[PDB]
Peer 1: 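Please find one structure pasted underneath; my questions will follow.
Keep in mind that the numbers below use all heavy atoms, side chains included, and drop hydrogens, waters and symmetry copies. We name chains A, B, ... by the order of the sequence lines, and we start the count at 1 in each one.
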Amino acid sequence: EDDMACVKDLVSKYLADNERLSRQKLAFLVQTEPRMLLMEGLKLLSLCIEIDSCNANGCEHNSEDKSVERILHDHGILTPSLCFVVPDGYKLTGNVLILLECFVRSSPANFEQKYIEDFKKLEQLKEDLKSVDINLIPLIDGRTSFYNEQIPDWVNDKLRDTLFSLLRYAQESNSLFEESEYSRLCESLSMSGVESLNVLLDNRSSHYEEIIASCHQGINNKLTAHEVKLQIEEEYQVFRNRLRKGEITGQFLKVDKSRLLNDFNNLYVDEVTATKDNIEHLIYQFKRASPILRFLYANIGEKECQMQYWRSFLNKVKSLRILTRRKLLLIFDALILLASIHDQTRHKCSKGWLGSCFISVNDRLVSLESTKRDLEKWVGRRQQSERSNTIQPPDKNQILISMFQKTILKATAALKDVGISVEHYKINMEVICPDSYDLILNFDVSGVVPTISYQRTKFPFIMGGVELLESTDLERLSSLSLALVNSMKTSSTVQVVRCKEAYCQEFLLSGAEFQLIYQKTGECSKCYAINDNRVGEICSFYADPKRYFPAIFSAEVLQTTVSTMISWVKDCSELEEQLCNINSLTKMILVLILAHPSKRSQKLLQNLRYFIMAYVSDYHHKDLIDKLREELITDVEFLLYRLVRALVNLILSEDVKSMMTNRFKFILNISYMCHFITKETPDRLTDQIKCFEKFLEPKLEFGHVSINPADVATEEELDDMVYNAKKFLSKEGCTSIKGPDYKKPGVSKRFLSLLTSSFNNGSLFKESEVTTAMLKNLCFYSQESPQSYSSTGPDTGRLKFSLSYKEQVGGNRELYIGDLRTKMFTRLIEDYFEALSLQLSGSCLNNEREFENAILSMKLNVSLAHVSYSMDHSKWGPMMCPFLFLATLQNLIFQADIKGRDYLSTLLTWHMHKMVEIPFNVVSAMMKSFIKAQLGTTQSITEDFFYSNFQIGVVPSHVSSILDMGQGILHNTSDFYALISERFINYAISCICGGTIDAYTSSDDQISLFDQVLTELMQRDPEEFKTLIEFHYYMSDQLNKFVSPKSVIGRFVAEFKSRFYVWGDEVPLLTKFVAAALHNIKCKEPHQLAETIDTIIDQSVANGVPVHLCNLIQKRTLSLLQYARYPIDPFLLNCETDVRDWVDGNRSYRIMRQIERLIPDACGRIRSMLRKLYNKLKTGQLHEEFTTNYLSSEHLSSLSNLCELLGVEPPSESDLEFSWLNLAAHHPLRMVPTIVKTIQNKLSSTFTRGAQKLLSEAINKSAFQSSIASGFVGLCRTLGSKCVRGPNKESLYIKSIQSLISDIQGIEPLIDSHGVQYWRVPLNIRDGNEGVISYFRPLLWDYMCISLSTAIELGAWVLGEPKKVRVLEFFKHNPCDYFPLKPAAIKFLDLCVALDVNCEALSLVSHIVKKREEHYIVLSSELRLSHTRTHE
RNA sequence: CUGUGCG
Ligand SMILES: [Mg+2]
Ligand SMILES: [Zn+2]
């Protein structure tokens, strides 16, 4: 009892003297009996955490446990009926209510579940209380430990230990609590997953035994190699007999180039009433196909004014809310109208007008007549109201002048408050003349009437004239795309559709002003009209604005992409005369898919890849052509198909035989142009419906769909599950009257037996292998932890997976999102099967070395022109089964491993009984359609299922079935099954023929490489080889592996994981990489965007994209940044790089090269000093007296000291003045040491600290997703907002800082040819007016730090003189001439991180772990035109 | 309450 007295003394001594805690302390002190003492101690601890949480976040403790309605009625607010919710904390302030329910959870799954439950409850309460008109912002305080402010750490730990011992003693003495509650509290108080199932009671009933018996019955896994070989031989003989007699149909055909071309040409012969289109006629039709295309190729041909200045000024001041958002709008319209009148009287201007309407603030088109009527009404109203009191002359003109002056004065006062003066907006106050009201009312304009043609019932210009060879069309599309994307930024305010007020985006083309007019705001598809002041209503269309990002500034990039592709097939003799047309066709295709980004066009372009793969092959699936045809609707889609057909027929002509690799590369890049179209969904609901029908139809064909199963599985449902498990294994083949039924899900007992026996006897291996309410009142009593488990799952319920889609190029992929507990449960299976496949070889899914081995093997196979068989597998997800994996694992033969296999079987059976939740949107759409059909002819299978369930009451919510694996959930298990099944299939093929096959598989993809024997059998025995291929297909089918119709047999090209290899030439997916860099723009800090673009372009250069195109892409990214008017500092992107900058160097080296380019002889002296310094630190000295004596002192003074220490010529006074503007000098930009911040953020992220922060910031962003165009407009909006944080936490605009810089005349800007800005800041002015000089950083110091970091990371060669390349003389410029290149790969870590904390310019040491490219393929000419950097 | 920016 000594410990009891010690604990009582400790709690009496070290408890805070809170009056709330005094009652509980008095209750605790009086306690004698261990049971009530335990209970009171638990209450005291719970009260401690509750009070600490309430006070920490500023809330009042709810000791009375009053409901929300009771508190509201007590505090004077009436509320309607509310759900029973008791908030732990509550506080009212003004119109803001805070609820602060707090909980403590030691487990991660329990923590996540409780946080989500509390968040849902608070959302429900907020939705209910919204009618009360009281704001309620949820606040959840989850803690992973008991530590808090009331009790110190060691006292809290000792109290917890003694109280837990007390509860153990009470349980073993009187057993007051149940076993369930006792175990729950012990697990919640004691503070890997494989042994986590040991603490759960096993309630596996006879259902699990019956499932195991089903997966064991009829399966023989003890067969010897001889018996397996005999069975395989007999199976093959029967297959040969039945394939020869025709009882089994073949699934492959020999590749016929003419027949393939004819099938492609007649892919859509029902509305395309031709097969050979004239290319000139195609150009004529393309330049007039659609209103956008008509505008792109038509003859639209023809000093800032005061209107623009005033419009920008009033657009800025309208955000400050000087203020009733109706009167300031009228004043702003009048001011802009006065500015326009001033411009027209001074120099006869016409910009900003669209006939009788003018462009006011907030992008609004405002009618002149309505403006002047409103102005006269307002002026007269205030005249008749004001003069009712006194006797003075109103003088309407002077009234308007006074209102203008007051509004302008208030706007100026608000604008200077952030630090912006009106003269930087260049507005002239002489536009407000004494003659103002009469001038604005006696103003008349007559012109065109802007309209929007919402229907499609002629074109104002000549529809032809712009040549395809030029870049005019791409520039026009760029401007139109920018206008379309900017149309989404307009704030929400309030047939010939000639309107009085609309919204407009202005863009200039060929010296003429054009307006994009729309009548609806938001990020949604709407009707747009292109209008002009000369002729109104140029055209009208129905574009979706958020699908027009990739072409915004990409005219040069796309033109150079087309030029490179054309230069590939340029020396072909047969294509010499038909070389212009190809170019035109290529150009046309690109323009089309940029003008009309359609999912159907994306699919049509994607299928060309499989067509061209089959064209250069030897055998292809007979159903390939049917799979290449998907429905086309619009005229532009059919035009695209016709253009693609013409290009293919030109390139893949029978008369053309010279350079087949180049033409294959060209056609593959044409196909991969589909990546230019955005992968984002056009219609979310339609994609959800398609995802659900793809998920449901195979389960209906199999016949097992369990509608709304309970958490406790019904006996009939269990019987049906066992029946379908047996049915999955009852697949016959080649030994029945009917024969095999292809593509039907399931496996054969015979072939499962053969595969398991082959695994068991080693035939598949190689030589290298062989009271209760009070507990609920606690803030730490866990309630969601499972305590037992049945065959169907834990007692907390079967596994839930919500179904969604992940959007890709060419459709979507099903996605199953589960609870965190379910994710941990699945991770056990995934880790086990990942390790099991890691023991074997050939799986290229998770291994990177195995993928390199596969690449080398494919290169060798193609070099020797052996047979390569590239396979995809159709419906790998839906057709595969967790029960199949269970049956495979139960028969494989490899103490505690029996227990491990039992746990794996239990988890797999849990995955068998998973419930997939139907999306709510799908159910709502089905209910609406059903109501409209029954109250008010297709009736799809899913529609029929929904209708049948609807007519009988119960609405489907969850679906359970045998025939489904989570797409990506049981992914490693599927990879292991594919590995072993393909090893068996190759073994059987070797047992049949004389050759052998080496296979590499990644979980749905495979490349099979045939040795010489099988290739020779192909040439000298086509029938035997074809029968072998059909037998491989049949064997795969017997093992639930369905070869895709897109798989190809051939010696020309080998493909695996979207990588293509041919002999001699390389196959870069240039269009894919170009589109990837054009669709990579986010709303992050601009340097992070620059780093992402640099990484993508590094990958592109590695994969073969020429360096000039990559430089153009970098220029495009900087153009995007410049549109947001973010200053281009020298640390964003280098747009003059060469091959050596990407191969030998890194991002830091590229920044060094950019800085050296900016300032020529100012980096030479620094480099001499750096060479001396690097030599001294390499000899072993000076290491400790430089990192803390120079990197800790001030800048611009340590450089001279370092130079005089090393005996080198110090930098001149001119050199030390070079600086760059760092807008993140004091704090990072508001986009809503650095290495120390990263370390803190990574340490406080796993579970112990910051877990709740990560979960909250992830759930906030979970129900918030946007497009790339939305990200770009958000970036522009943020960079135009108050994103720059000052030294004293103040918020400033970028324009504020730039105006402050302009205030000082000593500082001068200097801009590179590419827009990179660096400043010369004289040293005489750097300490007086420190308001803005603190944002500047010396350039030489940053260069020195980055150069030391790069020298340490890469070597001393970076410190040599950068001598340029000499004449060369003359080498042939063959575009398809590739060269392989490899980059040259503790004491210095401290110095590198010391450099990182001192150079706030680039992330130097954090870039190592965020994978470095290990292989480069460049162009020989570009490599030989690179610079030289040699250490001397 | 947050953009007015066509390299
Ligand atoms: Mg493949
Ligand atoms: Zn003008």
Peer 1: Go through the structure and list residues passing salt bridge (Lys or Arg N to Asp or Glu O under 4.0 Å) with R364(A), not counting sequence neighbours.
Peer 2: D333(A), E501(A)
Peer 1: Between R1277(A) and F507(A), who's closer to the 5' end of RNA chain B by nearest nucleotide?
Peer 2: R1277(A)
Peer 1: Under a 4.0 Å N-O cut-off, is there an ion pair linking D1138(A) with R1153(A)?
Peer 2: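 Judged by the 4.0 Å cut-off on N to carboxylate O distance, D1138(A) and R1153(A) do form a salt bridge.
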Peer 1: Of all nucleotides in RNA chain B that come within under 4.0 Å of a heavy atom of chain A, which is furthest toward the 5' end and which toward the 3' end?
Peer 2: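 Listed 5' to 3', the contact boundaries are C1(B) to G7(B).
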Peer 1: Does a side-chain heavy-atom distance below 4.5 Å link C349(A) with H342(A)?
Peer 2: no
Peer 1: Indicate, with a heavy-atom threshold strictly under 4.0 Å, whether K1115(A) touches base, sugar-phosphate, or nothing.
Peer 2: nothing
Peer 1: A side-chain contact here means heavy atoms from C-beta on lying under 4.5 Å apart; do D1303(A) and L1300(A) qualify?
Peer 2: yes
Peer 1: Could you label the plane-to-plane angle of the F549(A) and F1272(A) rings as parallel, tilted or perpendicular, counting under 30° as parallel and over 60° as perpendicular?
Peer 2: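 Tilted, since the angle between the ring planes falls between 30° and 60°.
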Peer 1: Quickly, which of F295(A), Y548(A), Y518(A) forms a ring-ring contact (aromatic ring centres under 6.0 Å, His included) with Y528(A)? Name it, please.
Peer 2: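 Of the listed options, the one satisfying the test is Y518(A).
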Peer 1: Sort and list the pairs that fulfil side-chain hydrogen bond (donor to acceptor under 3.5 Å, both in side chains) and have at least one residue in residues 312-330 of chain A, not counting sequence neighbours.
Peer 2: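 Output for this query is empty, none listed.
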Peer 1: So if I take residues 482-490 of chain A and measure heavy-atom distances to RNA chain B, which residues fall below 4.0 Å?
Peer 2: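 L482(A), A483(A), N486(A), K489(A), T490(A), in order of number.
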Peer 1: For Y1335(A) and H1226(A), take the angle between the two ring planes, folded into 0 to 90°, and tell me which bin it lands in: parallel under 30, tilted 30 to 60, perpendicular over 60.
Peer 2: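 Answer is perpendicular, since the angle exceeds 60°.
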Peer 1: Under 4.0 Å between any heavy atoms, over every strand shown, what does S1291(A) touch: base, sugar-phosphate, or nothing? Just pick one.
Peer 2: nothing
Peer 1: Do any of residues 469-479 of chain A sit with a heavy atom less than 4.0 Å from RNA chain B, and if so which?
Peer 2: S479(A)
Peer 1: On the 0 to 90° scale, with breaks at 30° and 60°, tag the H1087(A)-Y1126(A) ring pair as parallel, tilted or perpendicular.
Peer 2: perpendicular
Peer 1: Between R311(A) and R321(A), name the one whose nearest nucleotide on RNA chain B is closer to the 5' end.
Peer 2: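 Per heavy-atom nearest nucleotide, the more 5' residue is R321(A).
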Peer 1: A quick test of your reading: do over 12 heavy atoms of other residues, nucleotides or ligands sit less than 6.0 Å from CD of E1290(A)?
Peer 2: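 Buried by this count: over 12 neighbours within 6.0 Å.
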Peer 1: Side-chain polar contacts of residues 298-307 of chain A - donor-acceptor pairs under 3.5 angstrom, sequence neighbours left out - could you list them?
Peer 2:
from: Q306(A); atom 1: OE1; to: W310(A); atom 2: NE1; distance (Å): 3.0
from: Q306(A); atom 1: OE1; to: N428(A); atom 2: N; distance (Å): 2.9
from: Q306(A); atom 1: NE2; to: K426(A); atom 2: O; distance (Å): 3.1

Peer 1: Which part of the nucleic acid, if any, lies within reach of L509(A) when heavy atoms closer than 4.0 Å are counted: base, sugar-phosphate only, or nothing?
Peer 2: nothing
